[PDB]
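*Asks:* Here is my input; please provide its structure:
(one chain, ligands or ions: 2)
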Amino acid sequence: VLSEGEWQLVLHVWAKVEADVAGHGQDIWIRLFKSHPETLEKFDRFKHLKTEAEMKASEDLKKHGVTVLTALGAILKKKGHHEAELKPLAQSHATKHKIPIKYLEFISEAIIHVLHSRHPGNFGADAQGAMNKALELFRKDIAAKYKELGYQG
Ligand code: HEM
Ligand SMILES: OC[C@H]1O[C@H](O[C@H]2O[C@H](CO)[C@@H](O)[C@H](O)[C@H]2O)[C@H](O)[C@@H](O)[C@@H]1O
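*Replies:* Numbers count the residues shown, from 1 in each chain. Ligands and ions are numbered 1, 2, ... in the order given. Here you go, the structure:
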């Protein structure tokens, strides 16, 4: 359970992400797909992208980043009371997309890397710790739902 202070560190940096969610999403995809190429294979719609240039030029990938980060933002704004938001997400990711918890760890790492790079003014050690705590809570709760849905994760 995160403290209100921790949630505020999370929400304060997210406020910066929201100045341009599309741009942050692109950086996150590039970071994720380069650090862990295997994750790209899970996207039938994007697995043909061969380079960072192609990823950057993809309007659909950009749009999906907006979708993903907006969904994550809604979860973070719930400050732990995200039961309703997690249900549809866990169901599609467990049953249709088949995304292991390990891959969720990979994208969490990419998110933190990008925030660390773009936002040193709001992403110092304490802020990063709070964000990591929030993402771990997210993954913990997703894992529990995966279990209920019958997916090993
Ligand atoms: C921060 C974690 C994540 C969030 C908030 C998230 C959110 C979303 C949302 C909102 C959608 C669209 C609706 C749906 O199908 O549920 C989606 C689709 C999808 N997600 Fe995720 N996702 C996350 C992580 C991942 C990861 C790590 C992978 C893959 C390694 C993944 C693979 C997919 C796939 C394959 C789709 C379908 C894309 C398409 O439209 O072709 N997701 N995700
Ligand atoms: O922070 C680094 C550790 O990250 C992962 O573990 C955290 O998140 C898991 C959920 O994805 C939890 O099960 C675990 O309890 C958390 O500590 C990773 O699995 C660990 O190997 C890393 O050391």
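*Asks:* where does the one residue in the chain that gets nearest to ligand 2 land in three-state SS?
*Replies:* In the chain, the residue that lies nearest ligand 2 is residue 139 (3.9 Å; Cβ to the nearest ligand atom). To be clear about C-beta, it is placed using only N, CA and C from the backbone, and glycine gets the same treatment. Counting by DSSP: H, G, I helix; E, B strand; the rest coil, the backbone at residue 139 sits in helix.
*Asks:* That one: what's its closest spatial neighbour, skipping adjacent residues?
*Replies:* In space, and not counting its chain neighbours, residue 139 is closest to residue 104: 5.1 Å by Cβ to Cβ, 6 or more residues apart in numbering.
*Asks:* One more: residue 7?
*Replies:* In space, residue 7 is closest to residue 79, 4.7 Å off (Cβ to Cβ, 6+ apart).
*Asks:* again with residue 77
*Replies:* According to Cβ to Cβ, 6+ apart, the nearest residue to residue 77 is residue 11 (7.0 Å).
*Asks:* so where does that neighbour fall, helix or strand?
*Replies:* Here residue 11 sits within helix 4-17, counting by DSSP states H and E.
*Asks:* Determine how far that helix lies from the middle of the whole chain.
*Replies:* 15 Å (Cα atoms, centre = their mean, to the nearest Å).
*Asks:* Check which helices and strands that helix sits against.
*Replies:* Secondary-structure packing of helix 4-17 (3 or more Cβ pairs under 8 Å, 6 or more residues apart in numbering; DSSP states H and E): helix 59-77, helix 101-118, helix 125-149.
*Asks:* what residues does this protein put near ligand 2?
*Replies:* 101, 105, 136, 139 (Cβ under 6 Å from any ligand atom).
*Asks:* before we move on, the earlier item: buried ones in the helix holding residue 11?
*Replies:* 6-7, 9-10, 13-14, 17 (16 or more other Cβ atoms under 10 Å).
*Asks:* can you redo the residues of the chain next to ligand 2 as TSV with distance to residue 21 and neighbour count?
*Replies:* Formatted as TSV, the residues of the chain next to ligand 2 follow (distance: Cβ to Cβ, whole Å; neighbours: other Cβ atoms under 10 Å):
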residue	distance to residue 21	neighbour count
101	25	15
105	22	14
136	22	13
139	21	18
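*Asks:* Greatest separation within those: which pair is it?
*Replies:* For the residues of the chain next to ligand 2, the farthest-apart pair by Cβ to Cβ is 101 and 136; their separation is 10.7 Å.
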